[PDB]
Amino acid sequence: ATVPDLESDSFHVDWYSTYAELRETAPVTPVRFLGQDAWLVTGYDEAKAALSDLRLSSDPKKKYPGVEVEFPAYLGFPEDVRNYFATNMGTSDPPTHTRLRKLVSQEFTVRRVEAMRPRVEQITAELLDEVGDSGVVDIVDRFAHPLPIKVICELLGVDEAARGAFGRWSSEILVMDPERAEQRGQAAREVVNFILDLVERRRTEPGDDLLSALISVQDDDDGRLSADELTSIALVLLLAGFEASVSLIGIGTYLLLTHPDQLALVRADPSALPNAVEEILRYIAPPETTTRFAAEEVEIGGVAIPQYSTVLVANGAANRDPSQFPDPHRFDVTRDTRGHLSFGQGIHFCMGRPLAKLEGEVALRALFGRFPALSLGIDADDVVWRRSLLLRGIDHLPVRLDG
């Protein structure tokens, strides 16, 4: 047989056409990625089933007798830094996942997120004040990127001289290219060091930020976060804030720009924006694939996935399955986006959803409300998509402001 290589351009060039080809053939198929065998789930019901099946583990630290598996997200990571990237919610199974998420939810609340709205709006304004009212700028470098970064650094207590460097490290981590495994491995060690110092300074000089809060947080029955847990959680929260929202803002900007009809609806009806963000996420989900490990043999969509297999649930392909979303290839701000898998499903549902939504809505609202003539600086076909199945995105998007 012929087995798909997730590394081929087929998974980075007009890739939603490949996903449809696979899904129509077999919703759960064996593939190859980074020179390793895995199972790609492209169908909606299959993705949902897999995400809900706890026999499919999210913990990369677990050792199985005779099995030695290296999951793609940890390409080139030395075991010690891997552990630092994997001692948090998303890399745990119950009951560890349960308490870690419980303790963090006590401080990472909707109240804390909502309380930052004026600041998020203030930051958005300033950024837009300095881009100009005429010419072609890189809306990603000048807007989509700095906004999320300033927000997360304030939430976490990351100073000005720290950002930027950290940024080039997380960008490297986003690519899983076997030829750069060393460089990727190095950037991961830098991020881990950075975080170690951040937490150390924070313990020494307390404040009212989220990190300070996580350090003192404790529960009667669950106790507190150990040093390692605290470190890994911080690294993971900082990582998400630095990259997740950028993809949303940038992709969102590109979609509204390429869909005048949809944009106009938003402009006319501001109350339409919240669901517009939901459609953007469903259309081109940043976390294209999520990973699971079959601790036991599991049957998904009529296919038995052998024990000790690595499953790549393609959240993005699932969002374009006609059985769930009719005319999935149609970007429609009015569509019923209920049930999409861009924020996860089950126990690992994205806990940063409130923050992502706030930043996304405020940003696009300001961008488009401020520049009623905003247009794309390049040919839509010439847009370069980041080659990452971990977090899809656009690193450079030239837009013309005045016309």
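The numbering used is simple: start at 1 and walk along the sequence shown.
- Relative to its counterpart among 389-397 and 20-28, 20-28 has the higher mean temperature factor, C-alpha atoms as listed in the PDB entry.
- 162-170 and 236-244 differ in mean CA B-factor, and the higher of the two is recorded for 162-170.
- Remark: of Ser134, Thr124, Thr91, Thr231, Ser134 shows the highest value [criterion: C-alpha B-factor in the PDB entry].
- Among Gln345, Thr42, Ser375, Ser58, the highest C-alpha B-factor recorded in the PDB entry belongs to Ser375.
- Ranked against the other modelled residues of its chain, the C-alpha B-factor of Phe368 as given in the entry falls in the middle third.
- Sort the chain's modelled residues by C-alpha temperature factor and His259 lands in the highest third, per the entry.
- Sort the modelled residues of the chain by CA B factor and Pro148 lands in the lowest third.
- The PDB entry assigns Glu279 a C-alpha temperature factor belonging to the lowest third of its chain's modelled residues.
- Sort the modelled residues of the chain by CA B factor and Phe71 lands in the highest third.
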